[PDB]
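Some notes on the structure that comes next.
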Amino acid sequence: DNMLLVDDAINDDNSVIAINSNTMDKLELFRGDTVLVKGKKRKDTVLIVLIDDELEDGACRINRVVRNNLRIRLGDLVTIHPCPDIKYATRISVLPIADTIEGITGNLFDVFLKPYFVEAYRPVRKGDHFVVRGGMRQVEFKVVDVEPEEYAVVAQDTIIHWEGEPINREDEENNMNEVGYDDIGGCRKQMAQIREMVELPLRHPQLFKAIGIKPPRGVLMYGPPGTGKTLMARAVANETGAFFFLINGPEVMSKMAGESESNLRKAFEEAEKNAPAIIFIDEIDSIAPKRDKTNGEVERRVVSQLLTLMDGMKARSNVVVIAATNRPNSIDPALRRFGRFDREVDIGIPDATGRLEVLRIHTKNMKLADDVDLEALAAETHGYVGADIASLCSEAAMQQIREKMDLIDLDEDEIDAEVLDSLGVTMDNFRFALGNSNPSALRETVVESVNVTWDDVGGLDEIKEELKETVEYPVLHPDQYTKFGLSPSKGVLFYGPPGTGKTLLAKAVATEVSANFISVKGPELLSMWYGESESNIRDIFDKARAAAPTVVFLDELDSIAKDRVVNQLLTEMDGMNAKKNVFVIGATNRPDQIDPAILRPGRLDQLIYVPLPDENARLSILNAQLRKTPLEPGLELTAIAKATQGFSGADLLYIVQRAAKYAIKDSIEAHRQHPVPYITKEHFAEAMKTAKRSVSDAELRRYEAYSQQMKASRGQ
Amino acid sequence: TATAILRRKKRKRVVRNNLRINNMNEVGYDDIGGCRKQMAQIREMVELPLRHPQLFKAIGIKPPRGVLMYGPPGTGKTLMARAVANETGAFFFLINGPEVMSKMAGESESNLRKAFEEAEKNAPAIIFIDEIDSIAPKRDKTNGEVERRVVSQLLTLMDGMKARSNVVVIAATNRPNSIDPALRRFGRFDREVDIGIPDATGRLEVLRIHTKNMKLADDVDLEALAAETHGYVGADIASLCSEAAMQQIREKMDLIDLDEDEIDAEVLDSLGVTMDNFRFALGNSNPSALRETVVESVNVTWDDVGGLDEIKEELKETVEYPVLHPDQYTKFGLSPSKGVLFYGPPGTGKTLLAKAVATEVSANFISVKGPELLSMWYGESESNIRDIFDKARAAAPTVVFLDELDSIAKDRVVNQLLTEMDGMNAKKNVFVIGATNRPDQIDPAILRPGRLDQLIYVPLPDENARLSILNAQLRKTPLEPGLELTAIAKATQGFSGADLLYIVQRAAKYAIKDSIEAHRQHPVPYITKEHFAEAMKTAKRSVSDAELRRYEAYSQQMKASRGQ
Amino acid sequence: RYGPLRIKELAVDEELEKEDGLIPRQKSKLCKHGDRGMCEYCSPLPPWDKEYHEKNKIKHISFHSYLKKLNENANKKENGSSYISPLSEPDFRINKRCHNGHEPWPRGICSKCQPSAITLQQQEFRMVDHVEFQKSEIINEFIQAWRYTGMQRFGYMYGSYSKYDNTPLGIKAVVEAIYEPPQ
Ligand SMILES: Nc1ncnc2c1ncn2[C@@H]1O[C@H](COP(=O)(O)OP(=O)(O)OP(=O)(O)O)[C@@H](O)[C@H]1O
Ligand SMILES: Nc1ncnc2c1ncn2[C@@H]1O[C@H](COP(=O)(O)OP(=O)(O)O)[C@@H](O)[C@H]1O
Ligand SMILES: Nc1ncnc2c1ncn2[C@@H]1O[C@H](COP(=O)(O)OP(=O)(O)O)[C@@H](O)[C@H]1O
Ligand SMILES: Nc1ncnc2c1ncn2[C@@H]1O[C@H](COP(=O)(O)OP(=O)(O)O)[C@@H](O)[C@H]1O
Ligand SMILES: [Zn+2]
Ligand SMILES: [Zn+2]
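Residue numbers (my numbering), protein chains in the order written: chain A, 653 to 1368; chain B, 29 to 592; chain C, -17 to 165.
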């Protein structure tokens, strides 16, 4: 109906929009009528309607300036509404753009704007852009202020105040706030959570009045630093169009004694007095740290003031508080109960698709060369949070500049435009930047996503069936468990010789139910045991809960199951709600060494033996690990697999790696002498000659004895 | 006459609205449920001194003034305080803890001074110092000079208050031990009230109170939700209802166009919460009270446990008679026993025996799992043994179940427990029941007279007991018609209760597997005997012969040492 | 209001707010650096510098300079907040409408609508700096009234404000005539 299609207007007028006759009839509009046009990001403008039959029905023509102001592109949809109550601008105060006025002599206003508005009656709104073509020059301007507000018609008698200093252009670009969802990718789930928890309470209050509930107020986003928490909050606030009131932590805590509390009070009062509002308390951990941290009075008064303000806003006011912290345990525990930040959101490192989307978003203004395979970079970059990807792009650009520095004279302050034209990033620059990049997200426990299916694991059909019936059914068919009153199994414990691929089974199980996968290796467990780590078991399980359905994975658990840490783990496992879709998968190589308490019912009770791969499994592993390697045509791996009886997956990977090493050595030698694009069978034969099993026969016999003991324990 | 006060709006269509039949304060007693006893105590301690002061003039005594409520956060302490204050209709001065602590240095004492002075001038008055722990933490917790000035000012004001003036001071704090010890003496917060998590009926009352405005779909089973929610505090129930409504609106959002500020009236009027929404909200929700020791009632009788008739009679003689008939004990002058120690193979149902004993005497039940004991031993748990017994005293009568004593009694914690148990009032009904699978390893000092001296052996379930357990566990599950379990019970000689639970769970697992397979193919609503056979093929004993021999030898030695 | 409030005041305040008042300083003998670049002693002196005043025998800081100090101390540009207004006059009247659940003040008062203790302390900004009489006759005649009669007098004084260079961003009230009410 009113969703007129956007088109490039032939005319350059800043207050004219051409529409088809059919649409004009549909909306009862007419030529010369002033209407309010709304596009995207809630941007609005006032345009004079003109009939033009060339346009197809339902299409409207607008110029470049109006499209830029509305932040919409050609082919978009704009909603047109009547604007009959627009008054004539009593006084319009406008200043030009500095760059556009360089080299202009005489009075700019008389030269350019004086004929533009006289006998024009152009409706102007604050924050708009209008361009005037005078003589041989074209100058853009800004509608700084309009009286009456917020918009009005510039009549002949309207007084135009052009006095003032030039306005720099860089402000609009380098301050690119009002960023929409189009600048964020790879975090659709958390974005949807924040949207459903913020927009609906504000954009459609009547819903909760009809249902009759008090919508939740607090929201607590947390995750690794540099994952774009601030960007997400800013985007949501801008999309909602509410009275965003960013509050920083360091900014508040740097004030004189007796002033930070006043700033907090004034901020909350301002947000309340202009409802709706979205208070965003960035880096709340600096304002309200953990109790065992700083005990000073100045560090206590601020926390008490924040608690009082939080408890004081519980009313009809439409105020939403969003806080961002690195970890859930860093915040004072008093701020995570009812009436406070009771809803949590967890941000996790993106997957390959997320990294590709981030690369596309950042690398849209770069002068990229043709040889760009962004998919390749996304595949090769693992664990890179958004900040790491931005740094990678910057480093690649800098490397390109360095390479092209040969034709650059540092002493000369002038650079030929031709040289700047030749500038262009290449895949080599990106690979160099990847070589020099330093990711840091993985150094701490972090929620991630895995996409491994029942094809990277060879054999183990019975174990796969057991895992399916243990995990897949509870998540996908909870109704059946409710029907039969059977509580879902919490977790399972894998045991077997190292290298059998337990992590692969865990990742496959996580993928099948579409559950985020949390990993906790031995070093992290020991560091927590010694109390010199930045994360705690309570923190790990809080993140698992907030990111449900999750799958926690404990590796080489025997190192700690030899215990205060084990006590905390038991307490957390007892605490977790049964209905919550959180599964703890433990792995160890010496099952009898595990503390018996961990094996009691209601805990990691189910015990699963992971055997060594079979001949067919060996062949499958060899094929899987060699998928992206050039093999000699006609080569069959059946003989090699047969010769590798009793070899775990790690052994086969070692064999493949040695064969590739021989091949690359031969290729390097041949090139240096100046060939062998693939790997010949002789390389594999040499690798097998240099093979060695990783498990002694005695340990295998011990594992088999333990398995037989377990089977007899359940055999009758 | 436990209450004697509760038995008989808010001092107040148009007429009914005016008579009350964002600031809708003055919440009356109707807005509270599941805490009848605590509300009765608070009313008895607040109303009578103010509403009817002539009683104490006539009898010639000074009524108590200091009332201190403590319990898990979110149980509704502030709700009760405000309800009582508004119902009494007296000058109500409200002092927040953090709000007072947020003032500049030197301006946090003047507030207390003027508060108490005003309460005196406009008597009668009620002063509710919410979150007193923030303005009076433990002595060692805070050493800042201002933290001592404020506490000393509070103590001086409290001591000076004691006079004919009709002013009552009420304080709240989640942790009973957090408050400074000096605040719990004569002339100060002497009377103490403990808030416990509600029971099934209390949960239903809370659910009805909160879910009285939602456009609930006609297919709602609030009774089922009340039964399912175990350990849910009132705040948790409110969050559950809010999340269920959120889920309903999210499901309905498909027809709603977010672009338009307004929505079609018909859709807005079609909102309704269904049972599945409550199930989803329960799935998402996560209670927090159980992380720490709390007080909760139990309703297990001598029917959910099979056999153990002799042990049941022994427990009856130990616990029930003194509480129900203390007069005869006074006549004979023999004080009742303090504690009991259950020992035996794991999974025999010691916890069920403790809960049944607690229910018989209508006493509240406190539980302390083994991990809690270890955490207290390592000093990384907020609670403490002194706190446990303080809550047990405040909520008397009470049954404190110390489980897994072997972990600590393999000691600082054992010494603290011994001191606390020795200091227990003789006549106050505070029973301690200890559980341990290693009676030999337990520290002998705990077995001396005046302590957990009464040892009781808990044998493995008998054939009839196993049949009763199996019937009890499987009663709420759809089983095949004409299904026999006597054969399974007979075949399960020497199996512990946990083993029977495992067998039935395996049978249910096979049943659900077959049901899901049929659903995929398309059937199996019952648990056919073939499922039982399949499950039994795998399940097996969990107690070794040596363990049973050791337990029998220990019991026989105990019998020999107790008679000739 | 998403930014500075919109309201019209005297011309003196506007012109004062236009300026910056930075007091330039030259290379101190204590500087160790090239000609360009300034370390800590060659930087321009803010108009509210307390040392400069007490060294020049000026006792208060010329309110406009106080406003500059408050704006500098906070209100980062382009981000960090939404312009919390810097100045607010004291108000000690008890809020008759707070209602956390309590009733009006006469019969109920919480800890949120309780006027906290008031700490008197000598002010540091004087709004009007120099009062200036155009002609000594204005006050000479006023005193002449008492001279003739012997009784005391009292009169309002009319005039207008203007800039005052002698003090950083200072104001002077120039009085043109005196009017005597019936007393
Ligand atoms: N009978 C009830 N028991 C417990 N909570 C209830 C009950 N009825 C309603 N509620 C709700 O439970 C929550 C209790 O909040 P309240 O502030 O009283 O808790 P609290 O932890 O005791 O408070 P605080 O320590 O901050 O004073 C509120 O949502 C109240 O509406
Ligand atoms: N979709 C995105 N996800 C994550 N980071 C992003 C995304 N788009 C851009 N970024 C970049 O990641 C960084 C996010 O910073 P952020 O972690 O929010 O800062 P803060 O420490 O204040 O939370 C910025 O450099 C931003 O440009
Ligand atoms: N089906 C499989 N069976 C065994 N190992 C496999 C299989 N598929 C891949 N692998 C390899 O096994 C290795 C397992 O590494 P790791 O997790 O450190 O040991 P484990 O799996 O014994 O815990 C991986 O590096 C992987 O390449
Ligand atoms: N008469 C009974 N004897 C043994 N176990 C029972 C009996 N009745 C019920 N049970 C089961 O015993 C379990 C409780 O185990 P419990 O004996 O408390 O463990 P523990 O011995 O380690 O304290 C419950 O799951 C319940 O189903
Ligand atoms: Zn210098
Ligand atoms: Zn108030």
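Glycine is no exception: its CB is placed at the ideal position from the N, C-alpha and C atoms.
Sequence ranges, alpha helix (DSSP H) only - wholly within the region -14 to 30 of chain C, length at least 4: -7 to 0
Residue interval of the alpha helix (DSSP H) (run including C/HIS81): Segment: none, C/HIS81 is in no alpha helix (DSSP H) and carries neither H nor E.
Under 7 Å by beta carbon: chain B residues contacting C/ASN82: Against C/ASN82, the close residues of chain B are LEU122, in the order they occur along the chain (beta-carbon pairs closer than 7 Å).
Closest residue to A/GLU1096 among A/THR697, A/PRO857, A/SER1272, A/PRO876 (Cα-Cα distance): When only C-alpha atoms are compared, the closest one is A/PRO876.
Touch test, the region 654 to 665 of chain A against the region 720 to 728 of chain A, Cβ-Cβ under 8 Å, three pairs minimum: yes
heavy atom of ligand 1 below 8 Å from B/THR103 C-beta: yes
Any chain A beta carbon closer than 9 Å to C/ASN77: no
Cβ of C/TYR48 within 9 Å of any chain A Cβ: no
DSSP-derived helix/strand/coil call for A/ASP998: strand
CB contact check: residue 195 of chain C to chain B, cutoff 9 Å: Within the shown structure, residues of chain C are numbered from -17 to 165, placing residue 195 of chain C beyond reach of any answer.
Cut-off 8 Å between Cβ atoms - residues of its own chain near A/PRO818, not counting five sequence neighbours on either side: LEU747, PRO748, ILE749, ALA750, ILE753
Chain-ordered chain B contacts of A/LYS1231 [CB-CB under 8 Å]: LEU310, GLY311
Length of the line joining the Cα atoms of A/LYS1120 and A/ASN715: Using only the alpha carbons, I get a separation of about 59 Å.
Residue range of the beta strand (DSSP E) that includes B/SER395: 392 to 396
A/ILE756 versus A/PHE764 - alpha carbon distance: 11 Å
Alpha carbon of A/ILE1067 to alpha carbon of A/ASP1058, nearest angstrom: Here the C-alpha atom of A/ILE1067 lies approximately 12 Å from the C-alpha atom of A/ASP1058.
Beta-carbon spacing of A/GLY1151, A/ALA1302 below 9 Å: In contact: A/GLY1151 and A/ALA1302 (Cβ atoms closer than 9 Å).
9 Å Cβ cutoff met for A/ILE744 and A/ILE700: Contact check for A/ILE744 against A/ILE700 fails: the beta carbons are separated by 9 Å or more.
Counted within 10 angstroms of its Cβ, other Cβ atoms place B/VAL43 as buried (16 or more) or exposed: exposed
Interface flag, B/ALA164 vs chain C, CB-CB below 9 Å: no
Beta-carbon proximity check, B/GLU72 vs B/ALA32, cutoff 9 Å: yes
is_contact[C/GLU123, chain A] using C-beta, thresh 9 Å: no
Span of the beta strand (DSSP E), counted from its first residue to its last, around residue 9 of chain B: This structure gives no information on residue 9 of chain B, because the portion of chain B shown stretches from 29 to 592.
Close-in-space but distant-in-sequence residues of the same chain around A/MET1079 (CB under 7 Å, 5 per side omitted): So the qualifying residues of the chain are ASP1023, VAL1024, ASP1025.
Residue interval of the beta strand (DSSP E) (run including B/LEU343): Premise fails: B/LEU343 lies in the alpha helix (DSSP H), 337 to 343, not in any beta strand (DSSP E).
Inter-residue Cα distance where the pair is A/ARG683 and A/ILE703: 5 Å
A/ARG989: CB within 8 Å of a non-hydrogen atom of ligand 1: Indeed, a heavy atom of ligand 1 lies less than 8 Å from the Cβ.
Contacts of C/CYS92 in chain B (Cβ-Cβ under 7 Å): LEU122
A/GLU1009 beta carbon near ligand 2 (any heavy atom closer than 8 Å): yes
8 Å Cβ cut-off: residues of chain B touching A/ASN1188: The premise fails here: A/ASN1188 is roughly 11 Å from chain B at the closest Cβ pair, so nothing lies under 8 Å.
Counterpart residues of C/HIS112 in DSSP-defined beta bridges: C/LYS154
Spatial neighbours of residue 11 of chain B in its chain, beta-carbon cut-off 6 Å, leaving aside the 5 residues before and after: Here chain B has residues from 29 to 592 only, and residue 11 of chain B is not among them.
Per DSSP, the bridge partner or partners of A/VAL1144: A/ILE1237, A/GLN1258
A/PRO767: first and last residue of the uninterrupted alpha helix (DSSP H) it sits in: 766 to 769
Alpha carbon of B/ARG236 to alpha carbon of B/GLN66, nearest angstrom: 20 Å
B/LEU299 (DSSP reduced to helix, strand or coil): coil
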